[PDB]
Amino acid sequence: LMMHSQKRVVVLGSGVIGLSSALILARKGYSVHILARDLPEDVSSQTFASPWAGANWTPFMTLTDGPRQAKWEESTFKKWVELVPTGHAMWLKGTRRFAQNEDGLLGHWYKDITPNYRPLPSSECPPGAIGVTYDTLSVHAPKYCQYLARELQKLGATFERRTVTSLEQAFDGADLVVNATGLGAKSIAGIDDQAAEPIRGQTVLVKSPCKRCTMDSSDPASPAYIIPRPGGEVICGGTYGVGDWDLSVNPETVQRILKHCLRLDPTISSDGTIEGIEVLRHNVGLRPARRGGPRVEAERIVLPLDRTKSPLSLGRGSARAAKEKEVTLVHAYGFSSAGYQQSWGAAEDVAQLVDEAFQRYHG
């Protein structure tokens, strides 16, 4: 006859978004169980995006285009600042950002967040490009996720490897589920989001003491970036293949990335030559994006599903009846190229949604 928790929540997905959401909920005293196919220890799995990130803080939208994104990025920057003393985040001082034009600098909205923000002289920019410099932050993407999982462990959250094909499979043991499935949201019956799309990103992981970050979007024919991460390594990018699911390494892309990154910063090489670059690994990850932007909202759903709710519902197309329950589904997916830099703010919004739903529907 023990007093049992009335705050059970299932988090579906264990990428940086499911982990961050799960952690703030655990901190709020929720009993959290994480169901996912890919776990933080799967550091080379291509069926989720989180092991492949830079991961740095680089706003990609204006305030008007992405009000939520900016909110989430500002909050996450504050969190990452707090992680520098223990090494879970690292300063990228004198980061260099190049754009094709003034508009590509996004209204400079974040100039109060990144220290020492200032324009760069044309002499310090690629020919014909415009640029700014600032201090931003980066995390070691797989290790950051493992860090969050450790924090979750201490708060009593649990993990389970599972691959869901229909919503009722996630509503096992909880009347509220956080859906942080990335690309998976499209093929789970009861979610069926056709708007989910991948954005392919190929990179080269390099061994280098280079501590300078350079983000170059001034050449529309060649996206390029150099992101140092904790550990004496730098990630050289990159690609943005919208709707591209190809998980194979493109050898031509390798050449373009290294050549371009070498232009940007020869110190990524031992001798300033492409042949002098110490390659550690060739990577391809699929960013989980979504037409219409990231989805962060709570939905009320009736179980069991019927073929009317989902074309992918299981069992016979003709269905009703017994049993029948209403549950809460809190979406958190489609962060595209900004899942890490938005993760803490997004998790905050998710946790507020869960609190609200609990008040309105779960007692």
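Throughout, we count residues from 1 along the sequence that is shown.
Engineer: Mean CA B-factor: is it higher for 208-216 or for 133-141?
Structural biologist: Averaging CA B-factors over each stretch, the winner is 208-216.
Engineer: When the C-alpha temperature factors are averaged for each of 247-255 and 115-123, which stretch ends up with the higher value in the entry?
Structural biologist: According to the entry, 115-123 carries the higher average C-alpha B-factor.
Engineer: If you compare 269, 95, 165, 181, which has the highest Cα B-factor in the entry?
Structural biologist: Max CA B-factor in the entry, restricted to 269, 95, 165, 181: 269.
Engineer: Of the choices 193, 275, 151, 197, which one's C-alpha carries the largest B-factor in the record?
Structural biologist: Checking the PDB record, the top C-alpha B-factor among 193, 275, 151, 197 is at 275.
Engineer: Hey, what third does residue 222 fall into on Cα B-factor, ranked over its chain?
Structural biologist: As the PDB entry reports it, the C-alpha B-factor of residue 222 lands in the highest third of its chain.
Engineer: If you rank the chain by CA B-factor, which third does residue 157 end up in: lowest, middle or highest?
Structural biologist: Answer is lowest: the recorded C-alpha B-factor places it there.
Engineer: Relative to the other modelled residues of the same chain, rank the CA B-factor of residue 44 and answer lowest, middle or highest third.
Structural biologist: Middle third of the chain for residue 44's C-alpha B-factor.
Engineer: Just say lowest, middle or highest third for the CA B-factor of residue 265 relative to the other modelled residues in its chain.
Structural biologist: For residue 265, whose C-alpha B-factor we compare with every modelled residue in the chain, the answer is the middle third.
Engineer: Looking at the entry's B-factor column for C-alpha atoms only, identify whether residue 34 ranks in the lowest, middle or highest third of its chain.
Structural biologist: Ranked within chain, residue 34 CA B lands in the middle tercile.
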